[PDB]
$ cat query.cif   # mmCIF, C-alpha atoms and all ligand atoms
data_data
loop_
_atom_site.label_atom_id
_atom_site.label_comp_id
_atom_site.auth_asym_id
_atom_site.auth_seq_id
_atom_site.Cartn_x
_atom_site.Cartn_y
_atom_site.Cartn_z
CA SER A 1 0.00 0.00 0.00
CA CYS A 2 2.82 2.47 -0.82
CA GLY A 3 2.28 3.87 -4.32
CA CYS A 4 3.91 1.40 -6.69
CA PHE A 5 1.21 -1.28 -6.50
CA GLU A 6 -0.11 -2.42 -9.88
CA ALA A 7 -3.30 -3.78 -8.34
CA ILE A 8 -5.79 -3.45 -5.52
CA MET A 9 -7.86 -6.18 -3.91
CA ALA A 10 -11.10 -5.66 -2.06
CA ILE A 11 -13.37 -7.91 -0.03
CA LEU A 12 -16.81 -8.63 -1.48
CA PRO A 13 -18.96 -9.73 1.51
CA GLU A 14 -21.95 -10.58 -0.70
CA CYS A 15 -19.94 -13.09 -2.81
CA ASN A 16 -17.94 -14.30 0.18
CA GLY A 17 -14.84 -13.56 -1.89
CA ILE A 18 -12.50 -10.78 -3.04
CA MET A 19 -12.18 -8.75 -6.21
CA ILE A 20 -9.01 -7.40 -7.81
CA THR A 21 -8.56 -4.45 -10.13
CA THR A 22 -5.43 -2.97 -11.72
CA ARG A 23 -3.82 0.41 -12.35
CA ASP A 24 -4.51 0.21 -16.06
CA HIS A 25 -8.13 -0.91 -15.71
CA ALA A 26 -10.53 2.03 -15.88
CA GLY A 27 -13.75 0.11 -15.42
CA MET A 28 -16.10 0.19 -12.49
CA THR A 29 -15.71 -2.80 -10.16
CA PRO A 30 -18.12 -4.81 -7.94
CA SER A 31 -17.02 -2.66 -5.00
CA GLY A 32 -18.56 0.43 -6.56
CA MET A 33 -15.15 1.97 -7.25
CA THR A 34 -12.49 2.20 -9.93
CA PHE A 35 -8.83 1.59 -9.28
CA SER A 36 -8.33 5.37 -9.09
CA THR A 37 -10.86 5.76 -6.30
CA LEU A 38 -9.53 2.80 -4.34
CA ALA A 39 -5.98 4.13 -4.84
CA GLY A 40 -6.98 7.45 -3.33
CA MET A 41 -7.60 5.98 0.10
CA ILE A 42 -4.99 3.24 0.24
CA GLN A 43 -3.77 0.43 3.97
CA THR A 44 -7.49 0.47 5.14
CA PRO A 45 -9.54 -2.56 6.39
CA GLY A 46 -11.22 -4.43 3.57
CA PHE A 47 -8.69 -3.72 0.85
CA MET A 48 -4.99 -3.44 0.13
CA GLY A 49 -2.64 -2.38 -2.68
CA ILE A 50 -0.59 -5.26 -4.03
CA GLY A 51 1.76 -6.46 -6.73
CA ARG A 52 0.12 -8.69 -9.34
CA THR A 53 2.82 -11.28 -8.70
CA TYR A 54 1.52 -11.73 -5.15
CA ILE A 55 -1.71 -13.18 -6.57
CA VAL A 56 0.19 -16.22 -7.87
CA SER A 57 2.25 -16.74 -4.70
CA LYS A 58 1.86 -19.81 -2.47
CA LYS A 59 1.42 -17.33 0.35
CA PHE A 60 -1.37 -15.29 -1.29
CA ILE A 61 -4.05 -14.72 1.36
CA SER A 62 -3.14 -18.19 2.62
CA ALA A 63 -5.01 -17.98 5.91
CA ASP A 64 -8.26 -16.86 4.28
CA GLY A 65 -8.48 -19.29 1.36
CA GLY A 66 -5.96 -18.15 -1.23
CA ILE A 67 -6.81 -18.07 -4.92
CA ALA A 68 -10.20 -19.72 -4.26
CA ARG A 69 -11.53 -16.41 -2.90
CA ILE A 70 -11.08 -14.52 -6.16
CA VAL A 71 -14.39 -14.02 -7.88
CA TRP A 72 -13.66 -11.01 -10.11
CA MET A 73 -10.65 -9.72 -12.06
CA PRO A 74 -10.26 -7.61 -15.13
CA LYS A 75 -9.85 -9.74 -18.25
CA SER A 76 -6.46 -8.04 -18.83
CA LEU A 77 -5.19 -9.17 -15.43
CA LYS A 78 -6.31 -12.73 -16.20
CA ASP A 79 -4.32 -12.58 -19.41
CA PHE A 80 -1.21 -11.27 -17.65
CA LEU A 81 -1.21 -14.09 -15.09
CA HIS A 82 -2.95 -16.84 -17.05
CA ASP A 83 -0.21 -19.48 -17.20
CA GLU A 84 0.91 -18.63 -13.65
CA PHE A 85 -2.68 -18.67 -12.40
CA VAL A 86 -3.71 -21.94 -14.08
CA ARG A 87 -0.61 -23.56 -12.54
CA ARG A 88 -1.57 -22.40 -9.03
CA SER A 89 -5.18 -23.42 -9.68
CA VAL A 90 -4.03 -26.97 -10.37
CA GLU A 91 -1.71 -27.21 -7.35
CA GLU A 92 -4.60 -25.97 -5.19
CA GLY A 93 -6.98 -28.60 -6.53
CA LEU A 94 -9.37 -26.19 -8.20
CA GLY A 95 -8.96 -27.58 -11.68
CA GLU A 96 -7.22 -25.94 -14.61
CA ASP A 97 -10.52 -24.33 -15.58
CA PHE A 98 -10.92 -22.48 -12.28
CA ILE A 99 -9.91 -19.25 -14.02
CA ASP A 100 -13.07 -19.53 -16.10
CA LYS A 101 -15.22 -19.58 -12.96
CA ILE A 102 -13.89 -16.15 -11.99
CA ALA A 103 -15.98 -13.28 -13.31
CA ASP A 104 -14.62 -10.25 -15.22
CA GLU A 105 -16.04 -7.16 -16.99
CA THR A 106 -16.95 -9.64 -19.73
CA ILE A 107 -19.72 -10.76 -17.37
CA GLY A 108 -20.34 -7.64 -15.30
CA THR A 109 -18.99 -4.83 -13.13
CA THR A 110 -21.39 -5.26 -10.18
CA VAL A 111 -22.27 -7.83 -7.53
CA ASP A 112 -25.81 -8.05 -8.92
CA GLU A 113 -24.70 -9.17 -12.40
CA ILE A 114 -21.86 -11.34 -11.07
CA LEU A 115 -23.49 -13.59 -8.43
CA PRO A 116 -25.75 -15.29 -11.00
CA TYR A 117 -22.62 -16.16 -12.98
CA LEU A 118 -20.69 -17.44 -9.96
CA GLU A 119 -23.63 -19.68 -9.09
CA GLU A 120 -23.98 -21.00 -12.63
CA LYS A 121 -20.26 -21.82 -12.78
CA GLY A 122 -20.29 -23.33 -9.33
CA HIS A 123 -17.57 -20.98 -8.05
CA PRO A 124 -15.93 -22.42 -4.87
CA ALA A 125 -15.96 -19.20 -2.79
CA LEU A 126 -19.75 -19.36 -2.48
CA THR A 127 -19.59 -22.45 -0.23
CA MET A 128 -16.44 -21.72 1.75
CA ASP A 129 -16.15 -20.38 5.28
CA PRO A 130 -17.51 -16.82 5.67
CA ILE A 131 -14.82 -14.50 4.30
CA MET A 132 -15.09 -12.47 7.53
NI NI B 1 2.29 -0.66 -1.44
NI NI B 2 3.99 1.35 -3.88
#
$ encode --input "query.cif" --output "C-alpha cells"
Amino acid sequence: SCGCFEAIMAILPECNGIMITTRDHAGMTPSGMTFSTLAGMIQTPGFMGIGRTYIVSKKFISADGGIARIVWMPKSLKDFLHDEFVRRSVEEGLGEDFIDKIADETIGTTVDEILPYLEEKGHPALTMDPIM
C-alpha cells in the first residue's frame, strides 16, 4: 500500500470472496469503485494495494483461502497471469478451468450481475467459510 502497486484487492462480503482491479483498468468494479478511487484511500480494512505477482504466490491470502476467494478480475489481469494462475489453480486442486469460474467485466462490473454467474459456474468461494 505504498504507491507502486499495480493492483488493488477488495473484499466482497456478498460473494464471500475478493475482487481485484489494476492500475490500467478504468472500469467500475463490484465494490462500486475504480482503481483510481480505491488508490486514493490506500492500507485500510477491507482492501490493500498489491503487486500482481503476489496473486500467484503460495502465500497469497493463505489464511483466508488463497486463490479460491477470487471471484472477479479484469480480463487483462487474467491474461497477464494466465499461465501462472492456471498452474496455481491446479496445485490448489481447483482444476485448470478455475480461471473460467472467476468473473470479469466480460460478465459484469457489479455484484448483482456477477453472483448469477458465480452460481452457474459453481464458483468455490460461495460455499467456503464466511470470508469475515
Ligand atoms: Ni504498497
Ligand atoms: Ni507502492
$ residues_around --input "query.cif" --residues "region 2-4 of chain A" --least-positions-apart "2" --cutoff "8 Å" --atoms "all atoms listed in the file" --output "ChimeraX atom specification"
/A:6,42,49
$ residues_around --input "query.cif" --residues "residue 10 (chain A)" --least-positions-apart "4" --cutoff "8 Å" --atoms "all atoms listed in the file" --output "MDAnalysis selection string"
chainID A and resid 18:20 31 46:48
$ residues_near_point --input "query.cif" --point "(-6.4, -14.7, -3.7)" --cutoff "9 Å" --atoms "only C-alpha atoms" --output "list in words"
residues 9, 17, 18, 19, 20, 54, 55, 56, 57, 60, 61, 62, 64, 65, 66, 67, 68, 69 and 70 of chain A
$ residues_around --input "query.cif" --residues "residue 78 (chain A)" --least-positions-apart "2" --cutoff "12 Å" --atoms "only C-alpha atoms" --output "PDB file with C-alpha atoms, in the frame of the given file"
ATOM      1  CA  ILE A  20      -9.010  -7.400  -7.810  1.00  0.00           C
ATOM      2  CA  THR A  21      -8.560  -4.450 -10.130  1.00  0.00           C
ATOM      3  CA  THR A  22      -5.430  -2.970 -11.720  1.00  0.00           C
ATOM      4  CA  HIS A  25      -8.130  -0.910 -15.710  1.00  0.00           C
ATOM      5  CA  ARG A  52       0.120  -8.690  -9.340  1.00  0.00           C
ATOM      6  CA  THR A  53       2.820 -11.280  -8.700  1.00  0.00           C
ATOM      7  CA  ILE A  55      -1.710 -13.180  -6.570  1.00  0.00           C
ATOM      8  CA  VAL A  56       0.190 -16.220  -7.870  1.00  0.00           C
ATOM      9  CA  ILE A  70     -11.080 -14.520  -6.160  1.00  0.00           C
ATOM     10  CA  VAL A  71     -14.390 -14.020  -7.880  1.00  0.00           C
ATOM     11  CA  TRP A  72     -13.660 -11.010 -10.110  1.00  0.00           C
ATOM     12  CA  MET A  73     -10.650  -9.720 -12.060  1.00  0.00           C
ATOM     13  CA  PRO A  74     -10.260  -7.610 -15.130  1.00  0.00           C
ATOM     14  CA  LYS A  75      -9.850  -9.740 -18.250  1.00  0.00           C
ATOM     15  CA  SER A  76      -6.460  -8.040 -18.830  1.00  0.00           C
ATOM     16  CA  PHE A  80      -1.210 -11.270 -17.650  1.00  0.00           C
ATOM     17  CA  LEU A  81      -1.210 -14.090 -15.090  1.00  0.00           C
ATOM     18  CA  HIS A  82      -2.950 -16.840 -17.050  1.00  0.00           C
ATOM     19  CA  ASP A  83      -0.210 -19.480 -17.200  1.00  0.00           C
ATOM     20  CA  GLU A  84       0.910 -18.630 -13.650  1.00  0.00           C
ATOM     21  CA  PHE A  85      -2.680 -18.670 -12.400  1.00  0.00           C
ATOM     22  CA  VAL A  86      -3.710 -21.940 -14.080  1.00  0.00           C
ATOM     23  CA  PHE A  98     -10.920 -22.480 -12.280  1.00  0.00           C
ATOM     24  CA  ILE A  99      -9.910 -19.250 -14.020  1.00  0.00           C
ATOM     25  CA  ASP A 100     -13.070 -19.530 -16.100  1.00  0.00           C
ATOM     26  CA  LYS A 101     -15.220 -19.580 -12.960  1.00  0.00           C
ATOM     27  CA  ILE A 102     -13.890 -16.150 -11.990  1.00  0.00           C
ATOM     28  CA  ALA A 103     -15.980 -13.280 -13.310  1.00  0.00           C
ATOM     29  CA  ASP A 104     -14.620 -10.250 -15.220  1.00  0.00           C
ATOM     30  CA  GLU A 105     -16.040  -7.160 -16.990  1.00  0.00           C
ATOM     31  CA  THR A 106     -16.950  -9.640 -19.730  1.00  0.00           C
TER      32      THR A 106
END
$ closest_residue --input "query.cif" --among "A:28, A:12, A:50, A:44" --to "ligand NI 2 (chain B)" --atoms "all atoms listed in the file"
A:50
$ atom_distance --input "query.cif" --atom1 "CA of residue 33 (chain A)" --atom2 "CA of residue 16 (chain A)"
18.1 Å
$ atom_distance --input "query.cif" --atom1 "CA of residue 15 (chain A)" --atom2 "CA of residue 126 (chain A)"
6.3 Å
$ closest_residue --input "query.cif" --among "A:5, A:110, A:11, A:124" --to "residue 93 (chain A)" --atoms "all atoms listed in the file"
A:124
$ atom_distance --input "query.cif" --atom1 "CA of residue 112 (chain A)" --atom2 "CA of residue 30 (chain A)"
8.4 Å
$ closest_residue --input "query.cif" --among "A:37, A:43, A:29, A:127" --to "ligand NI 1 (chain B)" --atoms "only C-alpha atoms and all ligand atoms"
A:43
$ closest_residue --input "query.cif" --among "A:132, A:26, A:111, A:39" --to "ligand NI 2 (chain B)" --atoms "all atoms listed in the file"
A:39
$ closest_residue --input "query.cif" --among "A:131, A:95, A:14, A:23" --to "residue 116 (chain A)" --atoms "only C-alpha atoms"
A:14
$ closest_residue --input "query.cif" --among "A:51, A:122, A:38, A:24" --to "ligand NI 1 (chain B)" --atoms "all atoms listed in the file"
A:51
$ build_atoms --input "query.cif" --residues "region 54-79 of chain A" --atoms "N, CA, C and O atoms" --output "short mmCIF file (atom, residue, chain, number, x, y, z; two decimals), keeping the file's coordinate frame"
data_model
loop_
_atom_site.label_atom_id
_atom_site.label_comp_id
_atom_site.auth_asym_id
_atom_site.auth_seq_id
_atom_site.Cartn_x
_atom_site.Cartn_y
_atom_site.Cartn_z
N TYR A 54 2.00 -11.20 -6.42
CA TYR A 54 1.52 -11.73 -5.15
C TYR A 54 0.37 -12.71 -5.35
O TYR A 54 0.31 -13.75 -4.70
N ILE A 55 -0.54 -12.36 -6.26
CA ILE A 55 -1.71 -13.18 -6.57
C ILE A 55 -1.35 -14.64 -6.86
O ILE A 55 -2.08 -15.56 -6.48
N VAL A 56 -0.23 -14.86 -7.55
CA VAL A 56 0.19 -16.22 -7.87
C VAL A 56 1.26 -16.78 -6.94
O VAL A 56 2.03 -17.65 -7.34
N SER A 57 1.30 -16.28 -5.71
CA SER A 57 2.25 -16.74 -4.70
C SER A 57 1.59 -17.81 -3.83
O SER A 57 0.37 -17.78 -3.62
N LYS A 58 2.39 -18.75 -3.32
CA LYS A 58 1.86 -19.81 -2.47
C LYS A 58 1.31 -19.20 -1.19
O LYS A 58 0.45 -19.77 -0.52
N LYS A 59 1.82 -18.02 -0.86
CA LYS A 59 1.42 -17.33 0.35
C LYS A 59 0.17 -16.47 0.21
O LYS A 59 -0.46 -16.12 1.21
N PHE A 60 -0.21 -16.14 -1.03
CA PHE A 60 -1.37 -15.29 -1.29
C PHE A 60 -2.60 -15.56 -0.45
O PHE A 60 -3.29 -16.57 -0.64
N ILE A 61 -2.88 -14.65 0.48
CA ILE A 61 -4.05 -14.72 1.36
C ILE A 61 -4.28 -16.15 1.88
O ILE A 61 -5.40 -16.61 2.07
N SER A 62 -3.16 -16.82 2.14
CA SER A 62 -3.14 -18.19 2.62
C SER A 62 -4.17 -18.50 3.70
O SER A 62 -5.01 -19.39 3.53
N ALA A 63 -4.10 -17.76 4.80
CA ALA A 63 -5.01 -17.98 5.91
C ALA A 63 -6.49 -17.91 5.56
O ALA A 63 -7.30 -18.65 6.11
N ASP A 64 -6.85 -17.03 4.63
CA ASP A 64 -8.26 -16.86 4.28
C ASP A 64 -8.78 -17.58 3.03
O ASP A 64 -9.85 -17.26 2.53
N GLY A 65 -8.02 -18.55 2.52
CA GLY A 65 -8.48 -19.29 1.36
C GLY A 65 -7.65 -19.25 0.08
O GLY A 65 -7.81 -20.12 -0.79
N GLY A 66 -6.78 -18.25 -0.04
CA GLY A 66 -5.96 -18.15 -1.23
C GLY A 66 -6.76 -17.88 -2.49
O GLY A 66 -7.88 -17.36 -2.45
N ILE A 67 -6.19 -18.25 -3.62
CA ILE A 67 -6.81 -18.07 -4.92
C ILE A 67 -8.32 -18.33 -4.96
O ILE A 67 -9.05 -17.57 -5.61
N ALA A 68 -8.78 -19.37 -4.27
CA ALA A 68 -10.20 -19.72 -4.26
C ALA A 68 -11.15 -18.56 -3.95
O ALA A 68 -12.31 -18.57 -4.37
N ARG A 69 -10.67 -17.55 -3.24
CA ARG A 69 -11.53 -16.41 -2.90
C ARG A 69 -11.75 -15.40 -4.03
O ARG A 69 -12.67 -14.58 -3.97
N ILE A 70 -10.93 -15.46 -5.08
CA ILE A 70 -11.08 -14.52 -6.16
C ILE A 70 -12.29 -14.81 -7.03
O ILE A 70 -12.38 -15.87 -7.65
N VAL A 71 -13.20 -13.85 -7.08
CA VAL A 71 -14.39 -14.02 -7.88
C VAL A 71 -14.45 -13.04 -9.04
O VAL A 71 -15.22 -13.26 -9.98
N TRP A 72 -13.65 -11.98 -9.01
CA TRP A 72 -13.66 -11.01 -10.11
C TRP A 72 -12.28 -10.42 -10.39
O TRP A 72 -11.54 -10.10 -9.47
N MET A 73 -11.93 -10.30 -11.66
CA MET A 73 -10.65 -9.72 -12.06
C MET A 73 -10.81 -9.12 -13.44
O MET A 73 -11.65 -9.56 -14.21
N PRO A 74 -10.02 -8.10 -13.78
CA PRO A 74 -10.26 -7.61 -15.13
C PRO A 74 -9.73 -8.68 -16.08
O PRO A 74 -8.80 -9.41 -15.72
N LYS A 75 -10.31 -8.77 -17.27
CA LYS A 75 -9.85 -9.74 -18.25
C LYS A 75 -8.33 -9.57 -18.49
O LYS A 75 -7.59 -10.56 -18.58
N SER A 76 -7.88 -8.32 -18.59
CA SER A 76 -6.46 -8.04 -18.83
C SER A 76 -5.56 -8.65 -17.76
O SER A 76 -4.47 -9.14 -18.06
N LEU A 77 -6.00 -8.62 -16.50
CA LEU A 77 -5.19 -9.17 -15.43
C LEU A 77 -5.15 -10.69 -15.56
O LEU A 77 -4.14 -11.32 -15.27
N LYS A 78 -6.26 -11.28 -16.00
CA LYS A 78 -6.31 -12.73 -16.20
C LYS A 78 -5.31 -13.10 -17.28
O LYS A 78 -4.61 -14.10 -17.17
N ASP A 79 -5.25 -12.28 -18.32
CA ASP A 79 -4.32 -12.58 -19.41
C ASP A 79 -2.87 -12.49 -18.96
O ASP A 79 -2.06 -13.32 -19.34
#
